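K.L.:
from the sequence below, what's the structure:
(chains A, B, C, D, E, F, G, H, I, J and K)
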Amino acid sequence: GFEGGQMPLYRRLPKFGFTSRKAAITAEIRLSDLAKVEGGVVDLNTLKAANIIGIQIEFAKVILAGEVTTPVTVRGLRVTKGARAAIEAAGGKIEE
Amino acid sequence: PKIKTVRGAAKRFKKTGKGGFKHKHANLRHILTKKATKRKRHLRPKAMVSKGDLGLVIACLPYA
Amino acid sequence: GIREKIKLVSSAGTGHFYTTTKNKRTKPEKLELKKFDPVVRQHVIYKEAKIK
Amino acid sequence: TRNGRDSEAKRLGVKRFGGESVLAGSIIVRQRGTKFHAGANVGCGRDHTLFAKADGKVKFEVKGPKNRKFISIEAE
RNA sequence: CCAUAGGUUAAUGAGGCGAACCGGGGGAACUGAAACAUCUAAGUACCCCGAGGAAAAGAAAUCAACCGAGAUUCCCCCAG
RNA sequence: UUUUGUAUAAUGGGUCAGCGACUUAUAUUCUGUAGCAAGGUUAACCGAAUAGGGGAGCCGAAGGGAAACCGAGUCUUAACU
RNA sequence: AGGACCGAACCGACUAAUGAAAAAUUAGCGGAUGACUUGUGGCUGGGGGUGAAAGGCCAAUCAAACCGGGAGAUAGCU
RNA sequence: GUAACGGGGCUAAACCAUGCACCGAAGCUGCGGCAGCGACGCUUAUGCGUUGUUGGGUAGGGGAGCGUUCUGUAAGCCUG
RNA sequence: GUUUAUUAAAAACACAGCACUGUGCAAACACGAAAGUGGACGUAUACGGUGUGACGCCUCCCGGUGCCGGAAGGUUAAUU
RNA sequence: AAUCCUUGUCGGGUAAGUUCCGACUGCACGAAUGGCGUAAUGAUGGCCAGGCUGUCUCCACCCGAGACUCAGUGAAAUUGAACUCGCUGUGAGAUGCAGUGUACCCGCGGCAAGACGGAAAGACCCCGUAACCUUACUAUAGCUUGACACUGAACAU
RNA sequence: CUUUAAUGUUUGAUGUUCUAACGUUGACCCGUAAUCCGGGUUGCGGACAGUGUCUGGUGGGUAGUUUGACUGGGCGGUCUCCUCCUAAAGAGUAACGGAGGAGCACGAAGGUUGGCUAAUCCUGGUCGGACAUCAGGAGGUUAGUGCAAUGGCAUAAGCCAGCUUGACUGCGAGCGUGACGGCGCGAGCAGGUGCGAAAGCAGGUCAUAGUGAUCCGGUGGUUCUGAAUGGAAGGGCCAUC
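P.N.:
Residues are numbered from 1 along each chain as shown, chains lettered A, B, ... in the order given. See below for the structure:
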């Protein structure tokens, strides 16, 4: 980013935003990844064990992505509407 | 050694879904009362980086 | 640039303000215009105050 | 000397010509005065910029007693 | 005045040299920043003192996050 | 060789022989190629051991928003044709 | 008597023409009891010395000695 | 140093007009050969009949090779 | 008298003399992180610095910049 | 004048004097970064005279040392390769191109017009975002100010 | 509250004296054969002096640097923006080419509704004149435009008046123009307004100059964030300097 002596593109443009420390400990979980665990019950801990989310992860959503066939009990996790619907269809249970 | 990121660049740009780069417009920072409101409004939203200076940005930000 | 700048503040009691210029030599009296407050979403009286 | 100065060229002039199909919004002419006047389905901006208000073919024509140039849009 | 300083003997140890590594005491500039002064180079080069086969560090007035870990050192990640 | 342009009276070479200049390491991207493929791959280390273990991690399969958050949507805005 | 005079040694270096010589020659020239000259030894060290001062001299090197190191400084130039 | 046709020389071997010949290049054509890039169609060893066309080149981009030393193949093969 | 060793010996430097100025002695000043040393085993008829340069006849402006003295007021640090 | 105009003007000196000496609108002398004088001194600057002379008119001869030849020894800078002529053009100053003229091959002694001869990556000039040398900026040794510390006791205003 | 006096006690500073810190480059004694040094006695000085830390001043004594470019080198001039010409009838187009302007103004000089039409000259008319104001006419924009020039402008964009805040907030199909940063034009949609009987017009001004990226901060709003937790600080987002 040296443009002769003209003020380079980065320096021209204003800085913005801030980093969220809470974003680094959240996670997104596909529907496909609910089968990868064992026991048919999906906690954070379980996910971690199954190497789906990672050790420093306090929070995790389940997104409508891929597809779930087996019935699953999602526990202590956020779920999107679509994802939730999918889970229901599969024959699964959801709980806070 | 690992490539170092240009930290300023990182601060100023965010990579998008198709490998683009959004950025905040210039000219909406001070000396505002004189600027027409419409112009200001236009400036507000984030803007994609142009084809010309894309390369430079990329160079600056190897880890994106 | 003798003509100084000022801010018309909303009498709605919101923070909202417009900003503008005025010639304080020729016009000592305060500027009061009926401008649109976008927080209340109504046209309110806006009274001149110092830009600071 | 006292004479080095000049301004940036403004790229005025007829942008779309006779018969050119235009999308509504498109600028037909940039100009200083109303060299061309706004005719049917053409708007005149604050800087006298004539622009299509409808999708169609540009149509230059002389009209009225003063014999003034008028740009219209023919329907399409 | 007593004492103490000082003085003469005796015993024990030290001294000097040595590649790098190690801990401490001091500590640049060229250079980069397309100039330059903050900044960088770099606590680098160099000088000095001391040690050992290694040194230093080390047994939480430490982390952590309401769950827990359990001195120091070193390697890969974390992460440009 | 350098130049708009050199027989140039512009540069360099007395000749021969020998030596004499785009390397290497680590990151990153794109191309080819091989592997496996919604998966791919392990690092230190253990292992006298190029095997095998080791998946700590990394990249990918989701994005939008400054962020909380939402999520095939999302941000914008009181709300979007 | 004398920073007195003329003048060899000795110290110098104004003019001249000319490698044996990285400053000399020959022919003349100035000082020659003094602020003179010379032997031996000593001391002053680099932004430092010394300087009757020319940026002079400090080992044939001086508007900042030499040697080694930072060091393959940097070189948008050849 | 002739030195203001390149020279000899020229009264046309000068100039104008019309005409028909010839010379004249690495241009075009002829014959032979090589290579690139496209078309179609073979029926294949992934190239072949062909058939168009292209092939001056600095910076520079792309493609394909020669040779040198060393490791394997090699206690092989060549060599008094 | 001195001077650019090696293109300048001079009108340049020095000089006796003159003036200003500092310095009371643990002197000013200078070399030294300092101890100390020079000044000087000197003491204002002495020592340092600056300029001028034998001898003779001589030698307006304090607004500016310095230095010296003053301290009434304005402004003014750490501190509080 | 250690004064542009300027070889100022007048005088002296010379046959003739931009210099010299003496005098009379200070471009831009001037009083201790001293003014004006000044005997003596000076390898000091300028000017004039006497003497003297190959300095010169204008060179001549002679004596020695080299140069030349013979024998012995034996360098150096330079060097793309040379079968290395003149002229007029051309190409920006031609041994090398065009046209033309001249010229048998090779030494030796001489001369220096050219080979943009040799020598030193121009010293001038410019350029490029080194070095040394003020009321530029920024610091800083030193000097100086106060506050606290080492630092205590009385008494008064 | 204005203003002082009384009794009780409390910091600030100001000199005079002291003697015990501290100084002594005064004297004598001892270590000692010793002009160093130390100890001892003593005189003088004395809480000063002088040292450390902080602090203002001074500080080419010394150091590190900077000292623009264009330019038929320096000096002079220039450097951003707007108008015209050069510019070759789309756009664009150079010169130390030829000519001029800008670094604002305006709460009306903006919006809208209603109305109006200029310069100059002639003739007549009190003071009144080349030139005020008023009549009659010619003229036809030769005038006007807040300011340069160009292009515009009578449906006036020129001149008067009435009511007003659209010089609105969120957006924006689609275009123009730039290497980019950016700059510009914009019908329509939502909300809420003003003028008009209404159709409609209004997101500044006849248009084209009146301007400055980023960083760093400042002010107001905003629970977006908030390093154990609750807050806060700081950060973000919107507005603005």
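
K.L.:
the strands in chain D, which residues?
P.N.:
D:13-14, D:21-22, D:27-30, D:36-38, D:42-44, D:50-52, D:56-63, D:68-75 (DSSP state E).

K.L.:
so which residue of chain D comes closest to RNA strand K?
P.N.:
residue D:33 (2.1 Å; C-beta to the nearest atom of the strand). (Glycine included, C-beta is placed from N, CA and C.)

K.L.:
list the contacts of the closest residue to that residue other than its chain neighbours.
P.N.:
Counting by C-beta to C-beta, 6 or more residues apart in numbering or on different chains, residue D:33 lies nearest to residue D:48, which is 6.1 Å off, once chain neighbours are set aside. Residue D:48 sits next to D:31, D:32, D:33, D:34 when contact means C-beta atoms under 8 Å, 6 or more residues apart in numbering or on different chains.

K.L.:
against residue D:18, how distant is the residue of chain D closest to RNA strand K?
P.N.:
21 Å (C-beta to C-beta, to the nearest Å).

K.L.:
of those two, which one has the most company?
P.N.:
residue D:18 (11 against 7; other C-beta atoms under 10 Å in any protein chain shown).

K.L.:
give me the neighbour count for the nearest residue to the more buried one once chain neighbours are set aside.
P.N.:
Using C-beta to C-beta, 6+ apart and skipping the chain neighbours, the partner closest in space to residue D:18 is residue D:60 (5.3 Å). Residue D:60 is flanked by 16 other residues according to other C-beta under 10 Å.

K.L.:
cool, residue B:35 as well?
P.N.:
Neighbours around residue B:35, by other C-beta under 10 Å: 13.

K.L.:
for it, phi and psi?
P.N.:
Dihedral angles of residue B:35 (phi, psi; degrees, to the nearest 10) stand at phi -70, psi 140.

K.L.:
quick one: residues contacting it.
P.N.:
B:27, B:28.

K.L.:
how far away is it from RNA strand K?
P.N.:
Distance, residue B:35 to RNA strand K, by C-beta to the nearest atom of the strand, to the nearest Å: 6 Å.

K.L.:
what sits against the residue of chain A with the smallest separation from RNA strand E?
P.N.:
Nearest residue of chain A to RNA strand E: residue A:5, at 5.0 Å (C-beta to the nearest atom of the strand). By C-beta under 8 Å, 6+ apart, residue A:5 lies in contact with nothing.

K.L.:
residue contacts, residue C:9?
P.N.:
C:16, C:17, C:46, C:47, C:48, C:49.

K.L.:
try it again with 10 Å
P.N.:
Residues in contact with residue C:9 (C-beta atoms under 10 Å, 6 or more residues apart in numbering or on different chains) are C:15, C:16, C:17, C:18, C:19, C:46, C:47, C:48, C:49, C:50.

K.L.:
before we move on, what about residue B:52?
P.N.:
residue A:9.

K.L.:
one more time with 8 Å
P.N.:
Applying C-beta under 8 Å, 6+ apart, no residues qualify as near residue B:52.

K.L.:
and it, how far is that from residue A:9?
P.N.:
9 Å.

K.L.:
in JSON lines: the strands of chain D, plus distance to residue A:18.
P.N.:
Conversion of the strands of chain D to JSON lines gives the following (distance: least, C-beta to C-beta, whole Å):
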{"stretch": "strand D:13-14", "distance to residue A:18": "48"}
{"stretch": "strand D:21-22", "distance to residue A:18": "46"}
{"stretch": "strand D:27-30", "distance to residue A:18": "41"}
{"stretch": "strand D:36-38", "distance to residue A:18": "49"}
{"stretch": "strand D:42-44", "distance to residue A:18": "44"}
{"stretch": "strand D:50-52", "distance to residue A:18": "42"}
{"stretch": "strand D:56-63", "distance to residue A:18": "50"}
{"stretch": "strand D:68-75", "distance to residue A:18": "50"}
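
K.L.:
please identify the deepest-packed of those strands.
P.N.:
strand D:50-52 (a mean of 24; mean count of other C-beta atoms under 10 Å in any protein chain shown).

K.L.:
so residue A:39 is in contact with residue A:45, correct?
P.N.:
No - Residue A:39 is beyond contact range of residue A:45, at 11.1 Å (criterion: C-beta atoms under 8 Å).
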